[PDB]
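K.L.:
Mind looking over this structure? Questions follow.
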Amino acid sequence: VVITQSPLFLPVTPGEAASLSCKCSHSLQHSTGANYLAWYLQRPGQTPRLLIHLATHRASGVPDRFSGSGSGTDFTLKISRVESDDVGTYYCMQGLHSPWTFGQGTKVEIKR
Amino acid sequence: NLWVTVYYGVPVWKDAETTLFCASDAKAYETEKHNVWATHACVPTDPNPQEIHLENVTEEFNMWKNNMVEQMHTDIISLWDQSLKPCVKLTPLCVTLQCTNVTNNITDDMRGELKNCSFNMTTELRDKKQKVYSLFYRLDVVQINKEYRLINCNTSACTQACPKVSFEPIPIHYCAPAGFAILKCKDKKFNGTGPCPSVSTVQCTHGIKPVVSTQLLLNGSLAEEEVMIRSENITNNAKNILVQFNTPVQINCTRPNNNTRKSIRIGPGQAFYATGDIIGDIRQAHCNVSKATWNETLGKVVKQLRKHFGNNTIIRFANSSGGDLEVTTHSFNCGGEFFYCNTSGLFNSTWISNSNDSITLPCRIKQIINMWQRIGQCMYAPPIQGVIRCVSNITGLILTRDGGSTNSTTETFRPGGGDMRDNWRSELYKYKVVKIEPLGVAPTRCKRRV
Amino acid sequence: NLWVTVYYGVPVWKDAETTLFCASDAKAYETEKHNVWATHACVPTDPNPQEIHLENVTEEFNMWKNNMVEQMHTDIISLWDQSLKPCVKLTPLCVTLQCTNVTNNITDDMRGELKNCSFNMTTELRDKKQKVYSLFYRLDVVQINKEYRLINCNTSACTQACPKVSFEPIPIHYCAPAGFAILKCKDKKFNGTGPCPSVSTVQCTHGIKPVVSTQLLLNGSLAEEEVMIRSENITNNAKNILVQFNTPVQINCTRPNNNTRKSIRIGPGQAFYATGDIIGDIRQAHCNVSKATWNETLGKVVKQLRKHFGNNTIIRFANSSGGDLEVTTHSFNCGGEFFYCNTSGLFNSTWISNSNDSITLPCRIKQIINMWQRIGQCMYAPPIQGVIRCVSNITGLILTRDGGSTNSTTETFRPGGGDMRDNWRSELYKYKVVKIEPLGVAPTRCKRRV
Amino acid sequence: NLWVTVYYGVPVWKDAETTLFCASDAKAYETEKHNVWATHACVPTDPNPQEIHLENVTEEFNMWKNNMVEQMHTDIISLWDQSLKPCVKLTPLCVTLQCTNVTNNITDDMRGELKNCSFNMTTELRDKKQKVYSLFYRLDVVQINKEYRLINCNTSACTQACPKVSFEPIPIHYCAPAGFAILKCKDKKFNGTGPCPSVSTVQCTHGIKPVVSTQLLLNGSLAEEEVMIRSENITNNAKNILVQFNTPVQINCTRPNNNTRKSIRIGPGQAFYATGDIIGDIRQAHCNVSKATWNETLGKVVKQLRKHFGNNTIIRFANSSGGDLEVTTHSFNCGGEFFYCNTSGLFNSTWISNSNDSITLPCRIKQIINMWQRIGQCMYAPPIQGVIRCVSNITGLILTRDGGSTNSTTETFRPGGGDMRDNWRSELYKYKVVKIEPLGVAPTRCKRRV
Amino acid sequence: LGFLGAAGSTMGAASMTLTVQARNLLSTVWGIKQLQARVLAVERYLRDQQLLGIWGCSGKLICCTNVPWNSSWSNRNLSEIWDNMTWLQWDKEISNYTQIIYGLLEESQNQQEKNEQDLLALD
Amino acid sequence: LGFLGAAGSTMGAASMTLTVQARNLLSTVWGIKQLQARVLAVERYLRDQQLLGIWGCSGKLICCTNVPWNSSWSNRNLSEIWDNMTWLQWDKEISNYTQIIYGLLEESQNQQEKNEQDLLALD
Amino acid sequence: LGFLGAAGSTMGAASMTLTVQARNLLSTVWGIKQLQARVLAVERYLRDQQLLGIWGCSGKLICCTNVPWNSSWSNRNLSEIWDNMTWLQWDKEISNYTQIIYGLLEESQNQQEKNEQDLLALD
Amino acid sequence: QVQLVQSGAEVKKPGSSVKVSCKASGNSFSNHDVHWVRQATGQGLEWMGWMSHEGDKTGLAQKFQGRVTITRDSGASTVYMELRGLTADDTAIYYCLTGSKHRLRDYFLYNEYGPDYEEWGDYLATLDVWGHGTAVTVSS
Ligand SMILES: *[C@@H]1O[C@H](CO)[C@@H](O)[C@H](O)[C@H]1NC(C)=O
Ligand SMILES: *[C@@H]1O[C@H](CO)[C@@H](O)[C@H](O)[C@H]1NC(C)=O
Ligand SMILES: *[C@@H]1O[C@H](CO)[C@@H](O)[C@H](O)[C@H]1NC(C)=O
Ligand SMILES: *[C@@H]1O[C@H](CO)[C@@H](O)[C@H](O)[C@H]1NC(C)=O
Ligand SMILES: *[C@@H]1O[C@H](CO)[C@@H](O)[C@H](O)[C@H]1NC(C)=O
């Protein structure tokens with residue numbers, strides 16, 4: 001099993017929406033069929049915090065700005081009014097098939 | 001001086017016990033419909049019975065030691081069990097039912113009477129499952145710990161009632177085999193035991209409807225000009241008391257609901273019928289009896305009870321003390337659905353020897369039955385679509401005394417259907433079977449020629 | 001002046017209905033073949049029938065109202081069902097099949113007649129799935145909407161025939177009880193009904209093979225010196241016409257495939273035999289009948305058909321009307337494999353009222369059968385090992401007229417196997433069962449001594 | 001000169017075969033335990049046998065060609081089959097068992113005779129599953145390659161001997177119908193065949209205990225005097241030899257374990273009874289027989305053996321030379337528990353024609369049994385609570401001389417129980433069934449006047 | 001001429017071979033099917049014996065009775081019956097008066113039986 | 001008339017209609033429960049017939065035997081038995097010695113059978 | 001004596017007890033073994049009476065016949081058969097010649113009964 | 001906010017065995033699953049192992065087969081982990097965390113009268129609250 005994410009880098013001006021997508025070689029509808037997707041924000045020097053699970057429901061206390069959608073083997077995360085507080089690396093995780101491994105990750109930096 | 005001579009074919013008989021066979025009319029078999037008591041194999045009955053009336057002969061008839069009831073009680077069970085053998089076993093139905101109350105259109109009284117249950121059920125193919133729902137009466141479910149389950153799961157599985165065979169009773173005739181005879185008592189005041197001056201011989205008994213009930217004898221035979229009380233020992237209390245109305249009282253039993261049968265297909269070559277939803281509103285079942293004709297009937301009954309208990313004692317009627325639903329309530333299966341009516345509104349009176357309200361008796365329906373008060377057998381009567389209305393006579397009554405406190409001033413009678421064979425004992429009280437003995441010897445003046 | 005006198009044992013009989021009992025030769029009894037028809041319980045018959053000829057006596061016969069045919073049908077059905085009780089029921093075969101077309105060695109015409117199917121089953125231990133595969137004919141699988149299922153899953157489960165028992169027909173003799181008699185009509189010209197000048201009585205009937213077929217009577221009796229035509233009402237259109245040949249027409253049927261039986265273990269002690277891989281090429285089964293000996297046979301039939309229809313009518317033959325496969329195609333079994341042959345190549349000709357090509361009839365094989373036009377009961381014939389070839393006589397034929405719009409212009413005949421009793425009716429048409437009446441009264445000049 | 005006269009009812013008989021019917025004492029009714037050999041349908045026996053003794057008559061008997069033993073063999077199997085027709089068909093138990101040794105308090109010899117097994121099962125509700133454990137003897141479980149499985153699972157499912165019906169033998173009487181009679185040979189020296197100087201007809205046979213055993217006959221009928229050797233052909237090496245002690249020798253067999261019965265609920269209404277745990281120490285099963293009596297008893301057997309082989313040969317006894325556990329050990333049941341005792345401690349001695357230690361014979365217990373030499377049939381015996389002990393009467397003995405070296409210096413005898421119907425032949429050897437022939441003719445001087 | 005051999009022959013000639021007929025009146029799918037036949041055969045034969053036995057002809061193949069012949073049933077010479085007619089045709093002709101004749105013989109036996117009983121009463 | 005029509009009538013009058021009673025001695029739940037009854041009637045009817053036949057009354061409704069009547073069983077005028085008493089109550093009176101009386105008939109007929117043969121041999 | 005009591009006795013002593021043998025000719029798994037045996041006994045018993053009833057000996061335990069005893073079957077003194085032989089030995093001697101004698105009995109009865117009608121025809 | 005504690009940072013040479021301890025207040029292991037994850041600077045996260053709250057089933061990656069073991073003390077009071085094959089490139093920070101699973105049915109064949117043949121499966125749903133973690137470095 002292999003997992004890849006793209007783009008590696010994508011500068012985003014503050015206050016502008018951004019989109020990120022992660023996919024794995026195995027189709028999400030390979031054998032059983034379900035998302036089993038997890039999104040995390042890796043603040044430098046701090047533990048990651050889960051934002052949304054499966055891109056269908058929002059965890060209690062998370063801002064309503066974060067949202068997710070899509071279908072098939074490709075999915076995207078929609079965030080409105082991006083802020084510098086979200087600067088970091090995003091990692092995608094899959095739970096469809098064991099063993100469970102994290103994604104390579106991508107870095108987004110504020111233009112300057 | 002005298003010589004013994006042998007006579008063959010003399011009119012002499014003796015008490016005996018044999019295995020009687022069946023005899024039924026052509027109408028039941030002519031329909032080609034299947035019945036639980038399959039009279040298709042039963043031989044056709046004679047065009048008319050030849051009731052020969054004997055004269056100057058008295059016989060010691062007895063109804064409490066008669067073996068005809070014992071033979072017929074076992075015979076009825078065998079046919080009932082036989083019809084359930086080819087039917088479908090509902091053993092895939094023991095699962096964790098997840099039910100909830102239904103309040104679509106509910107009357108005040110019928111609040112928690114039935115529940116809406118859903119469960120996982122099998123399918124023709126082994127690797128596929130289906131989710132289905134049905135409405136089950138509250139009496140047929142029990143909490144596992146919400147999660148419910150069928151009551152019969154922890155005892156034995158329930159063989160379904162086949163949907164073509166009907167429970168409609170039909171009269172049957174018991175005919176003795178050749179070399180035997182049946183004696184009928186034509187006495188109009190026969191109390192069940194003692195000499196019967198008016199005796200007759202019949203090759204077959206009259207049609208006896210195998211009606212199963214409790215606390216009341218429905219669709220029976222009526223006496224003429226008087227109400228008769230039968231009992232083994234009047235003094236004894238453990239013995240039941242049998243009554244027979246000379247005139248009938250009409251009882252109208254109805255199920256106002258309009259249930260809709262639904263077929264659920266489980267496994268290959270078998271289907272399970274379930275109850276989908278009740279078109280319109282939901283109302284409790286009940287039976288109607290007029291007050292005018294019932295007070296008169298109890299007036300006739302109490303008059304006859306005074307002969308065996310004095311003409312000054314107080315006669316009282318009270319509802320059944322307690323027990324299981326099958327014995328503490330009136331039961332019957334008319335229209336293909338089993339009722340359990342609460343007859344506490346009939347046996348509440350007090351007579352001291354001194355308008356058409358149409359009494360309504362609430363009844364509770366059940367679908368998991370064990371009719372032959374056996375333990376282990378179960379049956380599941382499939383639901384019947386449409387409103388069912390039922391009309392029947394009440395031509396009998398089983399009563400029980402409670403006891404005495406050394407004073408005969410007050411005597412209370414309560415209904416009771418403890419034993420299932422008292423129902424048929426009310427129809428075979430005039431009959432007995434005897435063995436024919438043709439060999440006889442008497443002295444005459446007859447010397448052998450050589 | 002004459003006086004009544006009684007006689008006992010006089011030769012007088014009256015038509016009656018009884019229960020003839022089976023009787024089979026013991027020559028093959030020691031072989032332990034264990035045929036589906038339990039001839040082991042049949043009483044051994046005499047070395048040769050006691051052919052007693054009755055002179056100057058004419059007896060009425062009616063091969064259509066004869067009860068010997070009706071009784072035989074229920075015996076065959078009862079025997080067939082009795083033999084399937086101990087065999088294993090293939091209830092766990094109702095699974096979502098995943099089949100693909102087989103194209104290893106296939107001819108153009110036989111493109112998709114059979115499938116390569118794979119299905120998960122459970123082993124003797126009931127907690128371990130085992131993936132198995134089998135070859136199924138196109139007539140025994142249906143789609144769901146890629147995945148198939150057995151056709152019988154939505155009707156009933158099927159019990160596979162045990163390999164130990166065999167479907168080989170063998171002769172059986174129906175012999176009446178004591179006090180009854182069987183009359184054989186020895187008249188050669190006795191068509192269907194009427195007086196039989198030459199009547200004889202026998203111990204009981206000759207051996208009758210219970211051969212089941214459709215549109216063609218195989219291994220049947222032959223009418224000598226003429227080709228006979230039987231029909232209760234010739235004028236009526238909806239009455240099957242039975243034709244009995246005088247010289248047999250040989251037919252050869254073969255299945256070129258060389259499939260190898262494969263055993264699959266399911267549950268404890270129960271094995272299901274799959275089809276396995278195919279050795280060599282795959283070719284369609286067919287049946288051969290010489291046209292030289294078949295064309296002339298029709299000429300003989302047409303000559304007699306004109307007697308009941310005029311000597312100037314045009315006779316036509318057409319294939320079956322169409323519909324269900326089992327009724328519209330000649331069907332039979334040889335070697336334990338059931339065939340369904342397309343007989344369109346035989347009944348296609350016209351006559352104007354005046355090179356061993358060996359006609360080949362394509363046939364198809366079915367593994368799920370009913371064979372009695374019954375719903376809810378099915379059988380699964382396991383595949384046979386090696387090539388199977390059978391040779392049989394066509395000693396009979398059935399027809400069903402069609403049309404009639406014109407007064408008298410031409411006639412068209414088609415085959416038909418609507419009723420299953422025609423196979424045995426053609427064998428029992430010579431026999432009638434009667435009961436003896438020994439008592440008799442005739443006046444004579446005699447007196448009692450005292 | 002002489003005229004034939006017909007006599008009816010003369011005392012003449014002829015050998016033949018019929019269907020003897022059952023008969024037993026009414027005392028079995030009081031038990032009300034529903035014995036496996038159902039006495040309910042057996043006709044009650046006479047109050048006392050009427051042993052009519054015939055003077056001056058001789059008859060030919062052959063105990064080995066007797067049909068009574070053959071008929072009994074079928075009846076015992078048939079009675080057993082009918083008993084296990086309504087009892088739990090332990091189909092679900094075929095699951096992968098995870099077993100481990102038991103080493104709580106184990107003797108060195110009994111190291112691994114039984115295992116502690118754990119497996120999943122189904123609660124009364126199908127959806128729920130329950131994990132249970134039981135103790136299975138090592139003779140009932142086999143390994144896959146700690147996966148374990150029951151020996152029966154790849155052969156057939158085992159029914160589970162209902163826990164009520166009882167295996168205790170009760171005497172039965174095989175009585176002939178009318179028109180047949182049974183002759184008893186009172187001769188004290190009738191070995192296997194020949195004319196009995198004294199023959200007495202009896203109503204029917206005495207009580208016969210259906211005790212099934214191997215290599216030893218228990219609770220049998222003892223000879224009035226002297227030991228007797230019975231066999232069709234003494235010279236043949238492949239012929240069983242039957243013995244009958246004139247005096248009995250007691251054997252005490254005990255299972256000193258304290259098994260506790262545990263109830264496991266599988267499916268609705270069906271329960272599987274398995275051993276829960278062991279209370280106290282674990283000791284191997286054994287049987288005690290006194291050496292003083294056995295050696296004295298064995299000496300008598302050698303004395304009679306020398307008659308047929310010369311009074312100088314050396315008689316040697318050796319244990320069974322091979323076979324499975326069923327045929328190589330003494331098998332029986334003691335109060336619902338089946339034993340398999342290693343009987344090699346008895347048949348080890350030598351005789352050259354010239355204290356109360358109670359010899360111990362180690363035994364093993366099996367739960368999965370066949371005991372009819374049949375494939376596909378089985379039965380599971382549930383455990384018995386507490387200790388169990390019983391005392392028997394070793395009356396008979398089956399031996400099979402084997403080997404040959406063209407020298408009569410010594411003969412070796414080994415036990416043998418291949419034929420399982422020899423148990424009853426040792427009791428029915430005195431009886432034969434004959435059919436009476438009342439009709440007869442004899443010339444005389446009587447002439448019919450008219 | 002074995003069983004039913006003299007069926008279509010002369011009525012008188014057929015009466016000379018009554019014994020062959022009398023000898024043949026008695027002698028799981030095939031288990032109860034055959035067993036049921038035996039029970040019917042035995043009782044059917046027994047009915048004839050009792051019916052023929054209450055007429056004073058218990059054990060005779062040919063037996064004459066005191067009941068006179070009524071000319072209403074038929075008025076035709078005996079010679080034109082035995083020498084030209086057949087038993088099968090005879091049964092059909094007088095089938096309408098079979099039950100009545102049987103009842104008459106029952107009374108005759110009782111009438112003869114009572115006379116016989118009192119015949120030797122004086123002696 | 002009819003089946004047991006004269007049960008209550010006088011013994012002398014009831015004895016005049018013995019033929020009617022003799023005529024009625026013979027004629028899956030319903031399968032075995034019907035076959036079993038039929039076999040019982042057949043064998044039951046045969047038991048009486050053979051018992052009646054071994055006394056020399058095989059085909060007689062009214063039959064008298066050489067054995068004398070013991071006054072111990074019943075000593076009353078015939079005018080109080082035939083035209084004054086019924087069969088049913090008469091059965092109870094002689095019920096005690098039915099078994100003993102039957103045995104006498106069996107032996108009594110045996111001598112008659114052999115004495116006839118001796119007389120025939122003498123002739 | 002009891003059933004088959006006089007098997008070993010002489011023929012003359014055997015005739016003493018003809019009745020005792022005659023009276024004994026009829027009297028899940030077990031259920032079918034009962035009915036199967038009962039039916040056979042009835043028909044087997046009736047076979048002898050049917051055979052015995054067509055020889056003119058319907059109701060006789062001893063009955064003399066008019067057919068001569070052919071010397072081919074045997075030729076020896078009566079004193080060597082009756083008082084010095086058992087019935088078991090007798091049938092062993094004439095076992096091969098039982099079914100020839102039975103046939104000769106049928107013809108005599110059929111002819112004998114026919115002549116009875118002509119006896120009263122003259123008067 | 002459930003407080004969590006982890007063992008202090010430790011340093012060990014490559015190719016040697018080490019022991020770590022982790023505890024959770026309230027015995028939350030009964031109704032939660034535990035997973036182990038690590039992170040390195042300039043690289044993404046990586047999962048090591050997991051345990052079911054039933055404790056019946058466990059699994060790791062194919063590369064860790066036969067070189068990692070998970071043990072728990074009686075009563076679930078504390079748990080310990082064993083590490084093998086340490087490398088200088090294995091620098092990362094350890095963490096203690098809980099998890100959740102979605103156990104569903106993948107296949108089922110309906111046995112007639114006996115226990116059904118069900119093929120159960122587990123799919124990771126979410127990562128619950130993490131701990132402060134412990135830093136482990138390899139150097140020589
Ligand atoms: C459902 O009805 C029952 C009465 O049958 C009652 O006890 C229960 O509280 C009801 N439940 C709800 C949620 O209304
Ligand atoms: C009931 O009947 C009794 C007697 O039949 C009568 O006295 C009484 O008035 C009746 N009561 C009613 C309410 O009809
Ligand atoms: C009781 O009183 C009634 C009046 O209704 C009378 O007919 C009867 O004879 C009396 N009985 C007694 C025992 O006094
Ligand atoms: C029960 O009896 C009382 C009188 O004791 C009566 O008032 C009441 O109505 C009776 N019960 C019913 C349901 O009518
Ligand atoms: C039809 O014609 C043929 C040939 O002439 C003739 O033999 C036959 O009798 C004719 N048909 C009829 C019914 O006469």
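In the structure tokens, the first chain shown is A, the next is B, and so on; residue numbers restart at 1 for each chain, and ligands run from 1 in the order shown.
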When you get a sec, could you note down which chain D residues fall within 8 Å of chain H, using only C-alpha atoms, as a PyMOL selection string?
P.N.:
chain D and resi 91-93+121-122+126+129+267
K.L.:
Create the file for the chosen residues now, containing N, CA, C and O atoms and written as a short mmCIF file (atom, residue, chain, number, x, y, z; two decimals), in the first residue's frame.
P.N.:
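Result file again-v5.cif:
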data_model
loop_
_atom_site.label_atom_id
_atom_site.label_comp_id
_atom_site.auth_asym_id
_atom_site.auth_seq_id
_atom_site.Cartn_x
_atom_site.Cartn_y
_atom_site.Cartn_z
N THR D 91 -26.30 -31.61 15.65
CA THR D 91 -25.64 -31.07 14.46
C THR D 91 -24.76 -29.86 14.78
O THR D 91 -23.63 -29.80 14.28
N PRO D 92 -25.20 -28.88 15.58
CA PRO D 92 -24.38 -27.67 15.77
C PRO D 92 -23.02 -27.92 16.39
O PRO D 92 -22.15 -27.05 16.28
N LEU D 93 -22.81 -29.06 17.05
CA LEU D 93 -21.59 -29.25 17.82
C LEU D 93 -20.34 -29.38 16.95
O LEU D 93 -19.23 -29.35 17.50
N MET D 121 -20.92 -21.22 20.93
CA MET D 121 -22.23 -21.79 20.67
C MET D 121 -23.25 -20.66 20.55
O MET D 121 -22.93 -19.49 20.75
N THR D 122 -24.48 -21.03 20.21
CA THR D 122 -25.56 -20.08 20.00
C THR D 122 -26.52 -20.12 21.17
O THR D 122 -26.96 -21.20 21.59
N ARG D 126 -30.71 -16.44 17.90
CA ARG D 126 -29.71 -16.72 16.87
C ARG D 126 -28.62 -15.65 16.85
O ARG D 126 -27.43 -15.97 16.69
N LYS D 129 -24.30 -15.01 20.66
CA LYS D 129 -23.42 -16.17 20.73
C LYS D 129 -22.84 -16.27 22.13
O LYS D 129 -22.59 -15.26 22.79
N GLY D 267 -30.06 -23.38 20.57
CA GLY D 267 -31.33 -23.26 19.89
C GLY D 267 -32.47 -23.14 20.87
O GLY D 267 -32.28 -23.16 22.09
#
K.L.:
With a cut-off of 8 Å and counting only C-alpha atoms, select all residues of chain D in contact with chain G and give the selection as JSON, numbers by chain.
P.N.:
{"D": [1, 2, 3, 4, 5, 6, 7, 8, 9, 10, 11, 12, 13, 19, 20, 21, 22, 41, 42, 52, 53, 54, 55, 56, 57, 75, 78, 79, 82, 177, 178, 179, 201, 438, 439, 440, 443, 444, 446, 447, 448]}
K.L.:
Taking only C-alpha atoms and all ligand atoms into account, which residues have an atom no farther than 12 Å from ligand 4? I'd like them as number ranges by chain.
P.N.:
B: 291, 316-320, 342-351, 357, 359-362, 412
K.L.:
Which value, in Å to one decimal, gives the distance between CA of residue 394 in chain B and CA of residue 217 in chain B?
P.N.:
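Interatomic distance, CA of residue 394 in chain B to CA of residue 217 in chain B: 5.8 Å.
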K.L.:
With only C-alpha atoms and all ligand atoms counted, collect every polymer residue having an atom within 7 Å of ligand 5; state the result as a list in words.
P.N.:
residues 307, 310 and 311 of chain C
K.L.:
Keeping only C-alpha atoms, write the selected residues to a file as a compact mmCIF listing (two decimals), in the first residue's frame.
P.N.:
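Dumped to again.txt:
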# COMPACT_ATOMS: atom_id res chain seq x y z
CA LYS C 307 -60.04 -43.75 -42.51
CA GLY C 310 -61.78 -39.30 -45.46
CA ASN C 311 -59.72 -40.61 -48.36
K.L.:
So the first atom is atom 9 (O, counted along the ligand's line) of ligand 3 and the second is CA of residue 297 in chain B; what is the distance between them in Å, to one decimal place?
P.N.:
21.4 Å
K.L.:
At a cut-off of 7 Å, which residues of chain H touch chain A? Count only C-alpha atoms and give the answer as a PyMOL selection string.
P.N.:
chain H and resi 44-47+60-61+123-126
K.L.:
Enumerate as a list in words all residues of range 101-307 of chain B assigned to alpha helix (DSSP H) by DSSP on the backbone, naming them with the chain letters and numbers the document uses.
P.N.:
residues 291, 292, 293, 294, 295, 296, 297, 298, 299, 300, 301, 302, 303, 304 and 305 of chain B
K.L.:
Please give me, as number ranges by chain, the residues lying within 12 Å of ligand 3 when counting only C-alpha atoms and all ligand atoms.
P.N.:
B: 302-313, 353-354
K.L.:
Would you mind exporting the chosen residues as a PDB file, in the first residue's frame, restricted to C-alpha atoms?
P.N.:
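The result, written out as again.pdb:
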ATOM      1  CA  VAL B 302     -80.569 -20.045  39.949  1.00  0.00           C
ATOM      2  CA  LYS B 303     -84.001 -21.672  40.221  1.00  0.00           C
ATOM      3  CA  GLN B 304     -82.562 -25.106  39.418  1.00  0.00           C
ATOM      4  CA  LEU B 305     -79.560 -24.566  41.705  1.00  0.00           C
ATOM      5  CA  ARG B 306     -81.972 -24.149  44.629  1.00  0.00           C
ATOM      6  CA  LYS B 307     -83.155 -27.769  44.384  1.00  0.00           C
ATOM      7  CA  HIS B 308     -79.721 -29.155  45.305  1.00  0.00           C
ATOM      8  CA  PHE B 309     -78.869 -26.398  47.826  1.00  0.00           C
ATOM      9  CA  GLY B 310     -82.173 -25.512  49.517  1.00  0.00           C
ATOM     10  CA  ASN B 311     -84.850 -23.001  48.560  1.00  0.00           C
ATOM     11  CA  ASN B 312     -83.742 -20.245  50.976  1.00  0.00           C
ATOM     12  CA  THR B 313     -79.958 -19.947  50.549  1.00  0.00           C
ATOM     13  CA  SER B 353     -85.378 -15.166  46.151  1.00  0.00           C
ATOM     14  CA  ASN B 354     -87.470 -12.000  46.262  1.00  0.00           C
TER      15      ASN B 354
END
K.L.:
Select the residues contacting ligand 2 at a distance of at most 7 Å, based on only C-alpha atoms and all ligand atoms, then format the selection as a list in words.
P.N.:
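Checking only C-alpha atoms and all ligand atoms against ligand 2 at 7 Å gives residues 292, 295, 296, 299 and 300 of chain B.
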K.L.:
Those residues with N, CA and C atoms, as a CSV table (one decimal), in the first residue's frame please?
P.N.:
chain,number,residue,atom,x,y,z
B,292,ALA,N,-81.1,-8.0,28.7
B,292,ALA,CA,-82.5,-8.5,28.9
B,292,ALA,C,-82.5,-10.1,28.9
B,295,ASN,N,-80.2,-11.9,32.0
B,295,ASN,CA,-80.8,-11.9,33.3
B,295,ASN,C,-81.8,-13.0,33.5
B,296,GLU,N,-82.6,-13.2,32.4
B,296,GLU,CA,-83.6,-14.3,32.4
B,296,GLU,C,-82.9,-15.7,32.5
B,299,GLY,N,-81.8,-16.3,35.8
B,299,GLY,CA,-83.0,-16.6,36.6
B,299,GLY,C,-83.4,-18.0,36.6
B,300,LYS,N,-83.3,-18.6,35.4
B,300,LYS,CA,-83.6,-20.0,35.2
B,300,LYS,C,-82.5,-20.9,35.9
K.L.:
Could I get the residue neighbourhood of ligand 1 at 9 Å, counting only C-alpha atoms and all ligand atoms, as a PyMOL selection string?
P.N.:
chain B and resi 100-102+111-115+138+146
K.L.:
Write the residues of the selection above to a file with C-alpha atoms, as a short mmCIF file (atom, residue, chain, number, x, y, z; two decimals), in the first residue's frame.
P.N.:
data_model
loop_
_atom_site.label_atom_id
_atom_site.label_comp_id
_atom_site.auth_asym_id
_atom_site.auth_seq_id
_atom_site.Cartn_x
_atom_site.Cartn_y
_atom_site.Cartn_z
CA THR B 100 -41.45 0.69 20.05
CA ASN B 101 -44.90 1.94 21.01
CA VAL B 102 -47.29 2.89 18.21
CA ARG B 111 -52.52 2.09 24.64
CA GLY B 112 -49.77 -0.51 25.01
CA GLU B 113 -51.72 -3.46 23.66
CA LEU B 114 -49.49 -3.97 20.60
CA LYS B 115 -45.98 -2.89 19.62
CA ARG B 138 -47.94 -7.11 23.89
CA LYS B 146 -36.11 -1.58 24.06
#
K.L.:
Please report as a tab-separated table every residue of chain B lying within 12 Å of chain D, along with the nearest atom pair and their distance in Å (one decimal), using only C-alpha atoms.
P.N.:
residue	atom	partner	partner_atom	distance
B:89	CA	D:268	CA	11.8
B:90	CA	D:268	CA	10.8
B:91	CA	D:268	CA	7.8
B:92	CA	D:126	CA	7.6
B:93	CA	D:126	CA	8.5
B:94	CA	D:125	CA	5.1
B:95	CA	D:125	CA	5.0
B:96	CA	D:125	CA	7.0
B:97	CA	D:125	CA	10.1
B:119	CA	D:127	CA	10.4
B:120	CA	D:127	CA	9.1
B:121	CA	D:127	CA	10.4
B:122	CA	D:126	CA	11.1
B:144	CA	D:125	CA	10.2
B:148	CA	D:125	CA	11.0
B:149	CA	D:125	CA	8.5
B:150	CA	D:125	CA	9.8
B:151	CA	D:268	CA	10.8
B:152	CA	D:268	CA	8.1
B:153	CA	D:268	CA	5.4
B:154	CA	D:268	CA	5.7
B:155	CA	D:269	CA	4.8
B:156	CA	D:269	CA	4.4
B:157	CA	D:268	CA	6.1
B:158	CA	D:268	CA	9.9
B:375	CA	D:269	CA	10.9
B:376	CA	D:269	CA	7.9
B:377	CA	D:269	CA	10.4
B:378	CA	D:269	CA	11.4
